[PDB]
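Lettering follows sequence order; numbering is per chain, from 1. Below, each value reflects all heavy atoms present in this structure, side chains not excepted, and no hydrogens, waters or symmetry copies.
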Number of protein chains: 2
Amino acid sequence: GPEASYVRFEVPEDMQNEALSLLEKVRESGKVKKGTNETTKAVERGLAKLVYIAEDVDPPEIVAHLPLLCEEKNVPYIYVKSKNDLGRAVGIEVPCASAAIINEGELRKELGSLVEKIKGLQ
Amino acid sequence: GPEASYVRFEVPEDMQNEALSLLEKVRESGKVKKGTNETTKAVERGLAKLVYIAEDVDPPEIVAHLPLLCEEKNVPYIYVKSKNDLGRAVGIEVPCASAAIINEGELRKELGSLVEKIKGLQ
RNA sequence: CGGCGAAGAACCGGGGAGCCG
RNA sequence: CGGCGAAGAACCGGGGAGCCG
Ligand code: NA
Ligand code: NA
Ligand code: NA
Ligand code: NA
Ligand code: NA
Ligand code: NA
Ligand code: NA
Ligand code: NA
Ligand code: NA
Ligand code: NA
């Protein structure tokens, strides 16, 4: 219905909040790219460890290529309800449709656990 | 002072008007590049037959590089008093800092005699 | 019609956080 | 204090006349 086509699975809210929290914390020791241009290049260049996509992107066409791209490059991705939260999580002043963790820093294990839960959705 | 350093020699008013009438005619006969970006490239690419530099360009750094470039590339150049005149003559709606003839069309004689006039000064 | 635009519109690639009053 | 900016600022490269209300 209201959700655009590019949202391919439901991410429980607690999993979303863990993921947003880890994305904000990874900036302290690892490296994130933020925004759809850099997110897309991060995946295309083989650099993405975890891609975040906001569910409320409108027009959906801005991020709609990302899930199929991630799947082709075997990059895990997770949805978050709000591009506002996503922009806050990555530390910028405007909404953010998509982001990528590219260096996991000190959070390798927590991101690993999160990725295995994502897999467990489908 | 008041003219910027890039005005390396004086050009008389009969000649600047000669140069601007010629420029306006070469448009429907040959080819003109208009604007500093296109004029620099024409000189660098070896395509410029006559470049026009307005004397009232503020800031001067917009065009200051052009005279030594023209000399390096063996390209004659002429100063005209007004970038508004220069704009009107290349048929655009805004001021124009510099321009270049790239083909003389059917006005090869009037161009040559002006070029020899230019050579005569300094 | 005004405002802006060759001191470089649109558009494209690089870039990745400031620009303006 | 506002307006705008990750739906991509500044800037570099290509482009060469439109963009906006
Ligand atoms: Na980019
Ligand atoms: Na890593
Ligand atoms: Na760890
Ligand atoms: Na022309
Ligand atoms: Na031109
Ligand atoms: Na250019
Ligand atoms: Na102008
Ligand atoms: Na100008
Ligand atoms: Na880019
Ligand atoms: Na350019």
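Checked against D:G16, D:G5, C:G16, the side chain of A:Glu38 finds its nearest nucleotide in C:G16. For A:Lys34, counting side-chain heavy atoms from C-beta on, the closest listed nucleotide (C:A17, C:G8, C:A6) is C:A17. Side-chain proximity of B:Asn37 to C:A7, D:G15, C:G5: nearest is D:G15. Considering only side-chain atoms of B:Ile92, the nucleotide from C:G14, C:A6, D:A6 that sits closest is C:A6. Between D:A6, C:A6, D:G15, one nucleotide has an atom nearer to the side chain of B:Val94 than all others, and that is C:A6. The side chain of B:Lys41 approaches D:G15 more closely than any other nucleotide in the set C:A7, D:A7, D:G15. Looking at the side chain of A:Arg45, the nearest of the listed nucleotides D:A7, C:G14, D:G5 is C:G14.
Look at CZ on B:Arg88: it is 17 Å from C1' on C:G5, rounded to the nearest Å. In this entry the distance linking CG of A:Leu47 with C1' of C:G16 reads 15 Å, nearest Å. Taking atom CD1 on A:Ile62 and atom P on D:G5, their separation rounds to 12 Å, with Å as the unit. If you measure from atom CD1 of A:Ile53 to atom P of D:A6, you get 18 Å, rounded to the nearest angstrom. Between the CD atom of B:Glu93 and the P atom of D:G18 there is a distance of 11 Å, rounded to whole Å. Per the geometry, CG belonging to B:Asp56 stands 11 Å off P belonging to C:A7, to the nearest Å. One interatomic measurement links the two molecules: NZ of A:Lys83 to P of D:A7, which rounds to 6 Å at whole-angstrom precision.
Using the Watson-Crick or G-U wobble rule with both distances under 3.5 Å, D:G13 pairs with C:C12. With a cut-off of 3.5 Å on both pairing distances, the Watson-Crick or G-U wobble partner of C:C4 is D:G18.
Within 90° of 0 lies the glycosidic angle of D:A6, which makes this nucleotide syn. Base orientation at D:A9 is anti, since its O4'-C1' glycosidic dihedral falls outside 90° of 0.
Atom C1' of D:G8 sits at a distance of 16 Å from the matching atom of C:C11, rounded to the whole Å. Remark: the separation of the P atoms in D:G18 and C:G14 is 27 Å, to the nearest Å. C:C4 sits 9 Å from C:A9 when the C1' atoms are compared, rounded to a whole Å. Here the separation of C:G15 from D:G5, taken at their P atoms, is 22 Å to the nearest Å. The P atoms of C:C12 and D:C20 are separated by 14 Å, rounded to the nearest whole Å. Taking the P atom of each, C:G21 and D:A10 are spaced 13 Å apart, rounded to whole Å.
B:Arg88 contributes atom CZ, which lies 9.0 Å from atom CD of B:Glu93 (distance to the nearest 0.5 angstrom). The CG atom of B:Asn17 lies 12.5 Å from the CG atom of B:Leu22; values are rounded to the nearest 0.5 Å.
For A:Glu110 and A:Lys25, the salt-bridge test fails: no basic side-chain N is under 4.0 Å from an acidic carboxylate O.
No hydrogens or angles were tested; on distance alone, nothing pairs the side chain of A:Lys33 with the base of D:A6 as donor and acceptor under 3.5 Å.
Between B:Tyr79 and B:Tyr6, the ring planes lie tilted relative to each other; the angle falls in the 30° to 60° range.
You'll find the side chain of A:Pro12 reaches within 4.5 Å of the side chain of A:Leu121, heavy atoms only. Two residues are said to be in side-chain contact when any heavy atoms from C-beta on lie closer than 4.5 Å; B:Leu107 and B:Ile101 fail this criterion.
Sugar puckers are classed by the sign of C1'-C2'-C3'-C4'; that of D:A17 comes out south, on the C2'-endo side. Judged by the sign of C1'-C2'-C3'-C4', the sugar at D:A7 is south, the angle being negative.
When all heavy atoms of B:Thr39 and B:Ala100 are compared, the closest pair comes out as OG1-N, 3.7 Å.
Both conditions hold for D:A9 and D:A10, whose six-membered rings have centres under 5.5 angstrom apart and planes under 30 degrees, so their bases stack.
A:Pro59 comes within 4.0 angstrom of a nucleotide base, judged by non-hydrogen atoms across all strands.
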